[PDB]
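Asker: Residue numbers (the UniProt record's numbering), protein chains in the order written: chain A, 1 to 110, 233 to 420, 437 to 514; chain B, 1 to 110, 233 to 420, 437 to 514; chain C, 1 to 110, 233 to 420, 437 to 514; chain D, 1 to 110, 233 to 420, 437 to 514; chain E, 1 to 110, 233 to 420, 437 to 514.
Note that the Cβ used here is the ideal one computed from N, Cα and C, for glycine as well.
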Amino acid sequence: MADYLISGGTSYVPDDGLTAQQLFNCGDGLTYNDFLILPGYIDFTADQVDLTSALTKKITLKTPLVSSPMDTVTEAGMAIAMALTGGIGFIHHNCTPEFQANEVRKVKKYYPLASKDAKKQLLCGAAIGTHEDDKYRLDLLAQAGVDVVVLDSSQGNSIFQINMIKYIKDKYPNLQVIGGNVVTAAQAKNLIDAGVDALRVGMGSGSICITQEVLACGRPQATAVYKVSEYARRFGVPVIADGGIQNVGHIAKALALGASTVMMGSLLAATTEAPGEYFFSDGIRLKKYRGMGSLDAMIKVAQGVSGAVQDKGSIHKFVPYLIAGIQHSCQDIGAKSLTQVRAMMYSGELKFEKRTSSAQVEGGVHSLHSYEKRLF
Amino acid sequence: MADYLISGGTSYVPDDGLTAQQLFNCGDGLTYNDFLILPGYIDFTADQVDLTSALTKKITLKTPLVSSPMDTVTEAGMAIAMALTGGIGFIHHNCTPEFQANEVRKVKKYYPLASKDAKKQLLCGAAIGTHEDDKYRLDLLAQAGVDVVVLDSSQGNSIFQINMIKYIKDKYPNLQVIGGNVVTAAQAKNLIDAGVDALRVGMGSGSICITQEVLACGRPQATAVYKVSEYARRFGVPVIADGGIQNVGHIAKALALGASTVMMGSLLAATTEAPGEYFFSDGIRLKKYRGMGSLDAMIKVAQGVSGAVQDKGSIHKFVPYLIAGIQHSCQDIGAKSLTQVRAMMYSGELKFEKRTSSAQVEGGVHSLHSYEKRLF
Amino acid sequence: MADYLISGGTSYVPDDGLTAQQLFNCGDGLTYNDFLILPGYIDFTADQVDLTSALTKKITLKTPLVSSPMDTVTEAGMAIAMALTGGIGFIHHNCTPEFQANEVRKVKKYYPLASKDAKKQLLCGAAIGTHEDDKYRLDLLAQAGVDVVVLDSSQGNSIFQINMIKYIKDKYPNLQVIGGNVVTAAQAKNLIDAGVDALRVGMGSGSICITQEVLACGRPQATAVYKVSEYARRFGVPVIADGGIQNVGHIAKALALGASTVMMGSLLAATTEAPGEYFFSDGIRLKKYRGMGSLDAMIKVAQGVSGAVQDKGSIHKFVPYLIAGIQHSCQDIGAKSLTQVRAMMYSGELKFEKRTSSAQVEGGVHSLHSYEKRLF
Amino acid sequence: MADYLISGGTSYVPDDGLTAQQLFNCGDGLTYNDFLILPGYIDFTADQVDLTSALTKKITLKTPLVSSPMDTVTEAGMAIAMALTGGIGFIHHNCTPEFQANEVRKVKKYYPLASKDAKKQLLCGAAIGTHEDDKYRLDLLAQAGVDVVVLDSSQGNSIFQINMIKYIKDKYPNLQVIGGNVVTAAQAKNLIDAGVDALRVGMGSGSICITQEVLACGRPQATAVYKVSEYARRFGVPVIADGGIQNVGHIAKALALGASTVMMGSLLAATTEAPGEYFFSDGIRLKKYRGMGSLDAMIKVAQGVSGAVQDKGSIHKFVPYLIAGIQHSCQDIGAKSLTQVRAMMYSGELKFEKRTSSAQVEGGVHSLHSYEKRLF
Amino acid sequence: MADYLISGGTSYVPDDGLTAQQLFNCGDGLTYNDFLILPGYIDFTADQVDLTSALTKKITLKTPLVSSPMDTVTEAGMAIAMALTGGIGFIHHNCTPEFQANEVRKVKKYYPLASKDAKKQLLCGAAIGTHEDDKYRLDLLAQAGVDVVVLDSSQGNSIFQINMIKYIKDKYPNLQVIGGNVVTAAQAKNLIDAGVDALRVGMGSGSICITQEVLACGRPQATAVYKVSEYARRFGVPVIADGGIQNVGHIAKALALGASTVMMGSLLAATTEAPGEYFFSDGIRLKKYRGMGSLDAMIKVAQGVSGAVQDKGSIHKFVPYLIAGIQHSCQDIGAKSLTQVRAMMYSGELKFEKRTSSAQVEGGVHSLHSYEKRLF
Ligand SMILES: O=c1[nH]cnc2c1ncn2[C@@H]1O[C@H](COP(=O)(O)O)[C@@H](O)[C@H]1O
Ligand SMILES: O=c1[nH]cnc2c1ncn2[C@@H]1O[C@H](COP(=O)(O)O)[C@@H](O)[C@H]1O
Ligand SMILES: O=c1[nH]cnc2c1ncn2[C@@H]1O[C@H](COP(=O)(O)O)[C@@H](O)[C@H]1O
Ligand SMILES: O=c1[nH]cnc2c1ncn2[C@@H]1O[C@H](COP(=O)(O)O)[C@@H](O)[C@H]1O
Ligand SMILES: O=c1[nH]cnc2c1ncn2[C@@H]1O[C@H](COP(=O)(O)O)[C@@H](O)[C@H]1O
């Protein structure tokens, strides 16, 4: 009868809010702090939220948390410790190729959901450049048995990177490539048609990044993630959001805008497994953290600063906190998996809301004298 | 003749400003500080402004000021002292059920407009969770004679809370329930159809709240109050605005956007009747005030911080100041009652105006070296 | 309790449609056939709809139907017969002043609601031009005892008509003037500030009018009526909609857009009381009907054509049909009086809807071979 | 005091309507029948409206009415009779060059405002093509003493016409050229920079024109006149509106949109001075009138039809009717000259209003059985 | 076949972002920090980016970096040192005319791309006012052999500056003039029609400028550069962006919005070649830098402040850093020259994106305790 025959059994669900297509096609460029996700319906607890995410077209991870190929973020210690907690690590290329191959064979010769391949060894990634001298680095890393390579450049739509991708896709046919950095859909077109397996989205949004203030180029991070994800889902290519991630909420928004995995350099810096040693400044324990374009890491123009960030403990205590935060955020969204989050987003069911500056002020902590924030 | 026959006796009234439907349907999310109310016509003094507001569908209060169920806001002292000044108090559930039932029978076994029931006892409320173990807490509070229960959760549209509401509405048919927290109209649909008697509007806008910065979810408070109030007036269900209230102007804007009562945790914290004891920090007398999701009040994710706020004296001196502020704001609006304020708002007679950031700068205090603000 | 305290007793009333301010401020120029009125609530029968309308600032009629000062519409027969049925008649000036004064004293020396003055004589109007020779015509009509004069010109915002209005308002202080024709608000400003008592709205919308196709000037009739009525209600000045009226629905739309009375030349032509004699053409009984600017009624440029329209019987059988049609249209609107219609329109309660061309096709008669329409 | 010191003496003038910049920048393409001019203030009679208009940058006419270079519109009879009534005539080029030079010396060897040069001879124009064989025609017309040449082509932005303009502007330095046809501003840029003295606006809007229905190109006439006039006033170049003119109102709208003179082929066809002879069809006296692109006037593609139009008498009786119509339309606009009309239009003082289809129906003649229209 | 015949060989290029016409015609006024440039395709290294830019209509520079005529920015040391690195220097007029002529002959009597004239001497510029006493200064500078003069005023659209330009363009026919300051297109019209050779864009955007906070006039800098450049390219007149430049990214955005050269006062102040001497304040080596309207540099109203800025070393080490930054920014844009940057911008190929305030926060450095930024 008429309880089913009118609308086909689906309930009313009063329309309130904006979809992702109605929000990011206004022409205005939004970052992570400029919007928020409207909540929905819960019929499940937070611990049964599946976090299975695809790194590349054939590599599948158990947590959507990858780590950045920087000289003060990841080496083989972080490549082990991110893999054991579900993610993957990318070992930087600010070193000799023998050293980087040593780090890749150090992680490869090494926990319930530990992201391991068919030979029961830990997954690893490594960064290479697009210069002709890096083909020897690629050969020496592929002899070490690297599973995925990322082509590290701040501007990914070059002829050099397209020729390097077409070199890898026939010299090493079982090796996965990650192209980047891209922020528009035309760059995603030029790299997907070259045969890339994943994209790396974000230019000018890093915490150690002065590309927008020296080279005047890039775009805001949330709009970048949405515009490259909406193009890259046409061909079945995952993207990787790097830059702009400051907390768990930015990770949840990046995963809800279409990014399959999230790359973190500063939120994972000054951890126990990050390379370097601790020191003190104004009575605060903190580890050094510099960008790859900074002149302390290289006429040379600097695209990075050389700073420091406070200690965050160990990473087997920090990554499960990020896991539980993403699970509680997917509970408040109302979806049992990240695939369901993105499926609700592209179908128009998952809705958003733009946020002004004084509504960003109330979104944090206000109206207090002094607070003692303990995340975990 | 033509002085009456043209427009039916109603005057010209030049159209200037935006109605609430024209302001909160622009897609952009506004908070309390992003707009202001345009004034009207006065033919009445401020002392004859009636402040009668409905808490639930059958509980009627004399002042639109309810107090928050937090462990550093309300216990039976605040539940007495908010009831005697016209409002009501909600006793927190961060304790054993025998302790909470003791506080409810302490306020129940206890001034011209003192909000009292048919047995001339003081009105009281109590918070319960939605877990199965809280049915025993509900039974032990209903034996103490609680008049209204609020189902305390940061996300109110769950199957657990709907089953708890359908459990209360047939086991205790004369007990009023308050569902929350809701921010959209679909959640108000799922809770009103479950049989709720009032709603509790606001997610991510508290002063001790980091839900938007960890779980990436919620919406700005003023848009939330308007969108849930405009849906909940279709069924005769009052809503309760909590979060974001910093002063008397936010209370007046929340009551003008459709909220029947306003819930305050931080503006009533560090009062004399609030639980805890005073201490000093940098020569400032202040009382501790933490959120319910903070790890000092509970892998566990934290949705709250643990801070402190300065002393505000007693509450029989502070709530009449809020009463006089709401009355003077309803005088400048031009309405003799809050029902007339909301009736002017939904009819399009009461008009609003959006406010930029530098017009928020001029709205406060500027152009001075140092000022000594004394509210009361 | 909460059934009254939320919205002040006023019901929900789901918002659907456009107000008159939202419809006629789109920039596009609408006529009578380009929109329609959305219906409302009925708690009254059609026979108790009061049709009291103000002609000028001191003349009050019982029906909102005045008749046009044309040489084939009104003489003293129509000035009697429109007055006896509630309206008023305006006697044309296409004659010698002694003849027009004879017609005014013929109607003045002449039924339940018969529109009569303090001396129990029938109300009458007369048209004069703005030339200096028409002051003698004005004196000879005011000796006959005319109650209201209309200053007949297709363009009312001239220095000649303003000087004539300032001549009448001090030589004849108890004589009501009607200025016109006006279509914009600036012309209404220049004539109301001159001291006019009513306006006459419409330029280029008559059925015998080629002003828009020769002099390229005017505006559509419904937008003209709304824009002059919304300005003229600021000063308590009624307006008169002439031109474009083809049926009862155009009269109802003109009265709902702010016009106090409606002037009809072609819908009242070829009546029994209209001057002239009948003849036949293709076996159809029809009376001649020409405009005042036509060269058969006057290098001279023609602003009118000289046509003919079919017989409509007597006018004591035709005006009560218009009365019953306006009453049934005010019943479907939901207002017991025209003052209530305009009060609902300016308050935003009475709503409109724009209508496309194929929705104008379905609004009439379609899908039939041949029909026999009998209005009365 | 404050009657002058507030607004500088200028009155209020309530803003109502759209300017020409707000009307023709909506993206939608409007013709003459899609809009109308809003009236203003009169302090002058119609007979003192000055109609002085500039044909080219140095030729000044007394009436803004030029006549079209077509083989059934103008020869030396029309070139005499349009010049004597204030305008100018353009003699067609559908003939041998000796014949066209004979017609130019026939008009040159020939009344209060008769448009005559320094030698007291009548002004004349002649059309030439852009082919290389037409340089001999240009030489044979300049020996006859032609005052202005129009370069007749349906598409004026060619390299052929630009080379012909640069040929005339140095071989004949005192000869005025008129380029066309142009409809966009880029074509006006390419022809004004070539050194043209006037433009000829309109492509696809003639009554005998099927360019839009065969070659799919052009634009609506009113938008074309506005967009080329607003560009050509930057350099002091008049434009000439041809095509789409059906009555006096289209001439008044074309002069109010920025055109200095108006070119008419069909409204001046079947006059006594037009070439050809009369005949009868269905008892109607009418003269043949074909376009220049029609195959009866020439694989050849046809851009014209070969029709006929009814007799309009003599042209010394018809052009003063157009003069009086333009003067009465400039009276209802409120400007004493065409320069004042265009100055009010570009300043935003003269306002317009868009017109729907059913408001085009009421703008003509409706609601009649049959009418006898006599224009003059 | 169909790989070429569909779209003419040009690739798909998915449309994403806003053009400069779609960004700066929204009505809202944008500065340099309110937008950013979307990147494109690279097929070239950064060192082969040509930086040839036109100062005036006949002076051509090798780097788009000119220096400001201020008393603490440029004298003959800076006029030498900016010319040797490719740019040009403008010597201030806050001195006697003999002193300024001495500085011009000091630079004129003085490295691979060194911007030198036909006599192999260094290019130089000098500022003059618009007063009548400055004609003697102009004569004494033209005897020294100045190549270009800038008419220094904060408001360039005066009768004084137009008469001075018409004085220079006939007394000194081979001398190039630069008019300014202009921000709108009407001022560019009044100065280009006076015969100016270059424009100087910017009013109220200097770092030492309080014109917008005292005289309430000007416009934001990026919108000013775009609106004057889009008008001045119609006549082949370069413009000069001064004010608002803080880093290399502002120079790249100014060159991408249509400015041919960029003028810098504060970014070149406290260099070794800037006039003045160093001192210390709070242990920081810094040189004094005041505006020309400041009362320390002159009832007189002040349009400037008198501050100081930190040391930047030498300018043969600083200008090649700006060169390499502009080259890397033109690499990320995807154009091999500044002419190609502006050609991609006006064709709609080069696209932009608006940037919010919290996306300006992420564009710089965030999420760090303290950083050590080393640009070069
Ligand atoms: O030196 C640099 N200049 C510009 N971007 C960088 C640099 N170093 C790292 N990045 C990017 O910034 C990301 C990490 O930044 P985060 O947001 O602070 O974690 C990395 O994934 C890179 O994509
Ligand atoms: O720990 C928490 N996490 C998130 N929201 C909270 C928490 N504790 C209290 N709240 C909410 O914040 C309100 C009071 O916040 P206030 O605006 O600072 O008064 C309460 O009514 C609750 O709805
Ligand atoms: O000759 C004319 N030219 C232009 N308008 C006219 C003329 N004669 C009458 N009118 C107007 O047209 C109205 C009647 O036209 P109707 O709409 O056909 O009834 C009169 O009230 C006048 O305002
Ligand atoms: O054969 C033709 N094909 C297309 N346009 C024509 C042709 N002949 C004349 N025209 C144009 O149409 C105008 C006259 O058309 P009218 O509007 O009917 O007067 C002339 O001024 C020409 O610009
Ligand atoms: O005193 C002043 N008042 C207003 N503008 C000034 C003044 N002095 C210099 N300027 C302008 O500011 C520019 C340099 O400012 P900067 O952006 O701080 O480099 C110069 O090119 C001038 O156009």
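Assuming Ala392 of chain C and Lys409 of chain C form a contact by the criterion Cβ under 8 angstroms, report the distance between their Cβ atoms to the nearest whole angstrom.
Answerer: Position 270 of the third sequence, counted from the start, is the residue given in the question as residue 392 of chain C. Position 287 of the third sequence, counted from the start, is the residue given in the question as residue 409 of chain C. Yes, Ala392 of chain C and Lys409 of chain C are in contact; Cβ-Cβ is about 4 angstroms, under 8 angstroms.
Asker: For residue 517 of chain B and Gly40 of chain A, which I take to be in contact (beta-carbon distance under 8 angstroms), what is that distance rounded to the nearest angstrom?
Answerer: Because chain B here runs from 1 to 514, residue 517 of chain B falls outside it and cannot be looked at.
Asker: On the premise that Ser496 of chain A lies in contact with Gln283 of chain B, defined as a C-beta separation below 8 angstroms, what is that separation, rounded to the nearest angstrom?
Answerer: Translated into positions along the second sequence, residue 283 of chain B becomes position 161. Translated into positions along the first sequence, residue 496 of chain A becomes position 358. Not confirmed; about 31 angstroms, so no contact.
Asker: For a contact defined as C-beta to C-beta under 9 angstroms, what are the partners of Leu36 of chain E on chain A?
Answerer: Position 36 of the fifth sequence, counting from 1, holds the residue named residue 36 of chain E. Chain A residues near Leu36 of chain E: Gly29, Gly326, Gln334, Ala338, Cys339, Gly340, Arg341, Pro342.
Asker: Under a three-way DSSP split, which group does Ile471 of chain B fall into?
Answerer: Here residue 471 of chain B corresponds to residue number 333 of the second sequence, with the count starting at 1. It is helical.
Asker: Locate the alpha helix (DSSP H) running through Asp292 of chain A, then write down its first and last residues.
Answerer: Taking the first sequence and counting its residues from 1, one reaches residue 292 of chain A at position 170. Where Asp292 of chain A is concerned, the enclosing alpha helix (DSSP H) stretches over 281-293.
Asker: Answer with buried or exposed for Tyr400 of chain A, where buried requires no fewer than 16 other C-beta atoms within 10 angstroms of its C-beta.
Answerer: Start at 1 with the first residue of the first sequence, and residue 400 of chain A comes out as number 278. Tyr400 of chain A comes out exposed.
Asker: Is the region 82-90 of chain D touching the region 448-461 of chain D, taking contact as three or more C-beta pairs under 8 angstroms?
Answerer: The region 82-90 of chain D, when compared against the region 448-461 of chain D, does touch it at the 8 angstroms Cβ threshold.
Asker: What does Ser467 of chain A touch in chain B if you count any residue whose Cβ is under 7 angstroms from its own?
Answerer: Counting from 1 along the first sequence, the entry for residue 467 of chain A is found at position 329. In chain order: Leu337, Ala338, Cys339.
Asker: For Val13 of chain C, does the count of other Cβ atoms within 10 angstroms reach 16, so buried, or fall short, so exposed?
Answerer: Against the third sequence, residue 13 of chain C aligns to sequence position 13. Exposed, because fewer than 16 other Cβ atoms sit within 10 Å of the Cβ of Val13 of chain C.
Asker: Does the pairing of the region 285-300 of chain A with the region 47-63 of chain E give three or more beta-carbon distances under 8 angstroms?
Answerer: Taking 8 angstroms as the limit for Cβ pairs, the verdict is that the region 47-63 of chain E does not touch the region 285-300 of chain A.
Asker: Leaving aside the five residues before and after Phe44 of chain A along the sequence, list all residues of the same chain whose C-beta is less than 6 angstroms from its C-beta, in chain order.
Answerer: Position 44 of the first sequence holds residue 44 of chain A. The residues are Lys474.
Asker: Of the residues that make up the region 449-468 of chain A, which ones have a beta carbon closer than 7 angstroms to any beta carbon in chain B?
Answerer: Going along the region 449-468 of chain A in chain order, one finds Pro458, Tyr459, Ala462, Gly463, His466, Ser467 with a Cβ nearer than 7 angstroms to chain B.
Asker: Tell me the DSSP secondary structure of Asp364 of chain B in three-state form.
Answerer: Along the second sequence, one-based indexing puts residue 364 of chain B at 242. In this structure, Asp364 of chain B counts as strand in the three-state DSSP scheme.
Asker: With 8 angstroms as the threshold, decide whether the Cβ of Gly358 of chain B is near any Cβ in chain C.
Answerer: Counting from 1 along the second sequence, the entry for residue 358 of chain B is found at position 236. True, the Cβ-Cβ gap to chain C drops below 8 angstroms.
Asker: Any idea if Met420 of chain D is buried or exposed, counting beta-carbon neighbours within 10 angstroms, 16 or more meaning buried?
Answerer: Your numbering for residue 420 of chain D matches position 298 in the fourth sequence. Exposed is the call here.
Asker: Please confirm whether any heavy atom of ligand 3 lies closer than 7 angstroms to the CB of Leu389 of chain C.
Answerer: Taking the third sequence and counting its residues from 1, the one referred to as residue 389 of chain C is at position 267. Result yes, Cβ under 7 angstroms from ligand 3.
Asker: Counting only beta-carbon atoms, is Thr477 of chain C nearer than 8 angstroms to chain B?
Answerer: The residue labelled residue 477 of chain C in the question sits at position 339 within the third sequence. So, interface residue.
Asker: How far does the beta strand (DSSP E) with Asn303 of chain C in it reach, from first residue to last?
Answerer: The residue you call residue 303 of chain C lines up with position 181 of the third sequence. Where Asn303 of chain C is concerned, the enclosing beta strand (DSSP E) stretches over 298-304.
Asker: Where does the unbroken beta strand (DSSP E) through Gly247 of chain B begin, and where does it stop?
Answerer: For the purposes of this step, residue 247 of chain B is taken as residue 125 along the second sequence, with counting starting at 1. Where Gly247 of chain B is concerned, the enclosing beta strand (DSSP E) stretches over 247-250.
Asker: Counting only beta-carbon separations shorter than 8 angstroms, does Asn33 of chain C have a partner in chain D?
Answerer: Here the question's residue 33 of chain C lines up with position 33 in the third sequence. Yes, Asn33 of chain C counts as interfacial toward chain D.
Asker: Roughly how many angstroms lie between the CA atoms of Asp274 of chain D and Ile437 of chain D, to the nearest whole one?
Answerer: Along the fourth sequence, read from residue 1 onward, the residue named residue 274 of chain D stands at position 152. Along the fourth sequence, read from residue 1 onward, the residue named residue 437 of chain D stands at position 299. Going by the C-alpha atoms only, they are around 21 angstroms apart.
Asker: Name, in chain order, the residues that DSSP records as bridge partners for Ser444 of chain E.
Answerer: Walking along the fifth sequence from the start, residue 444 of chain E turns up at place 306. Its beta-bridge partners are E:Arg412.
Asker: With a threshold of 7 angstroms (Cβ to nearest heavy atom), would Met386 of chain E be considered close to ligand 5?
Answerer: For the purposes of this step, residue 386 of chain E is taken as the residue at position 264 of the fifth sequence. Yes, the beta carbon of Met386 of chain E sits closer than 7 angstroms to at least one heavy atom of ligand 5.
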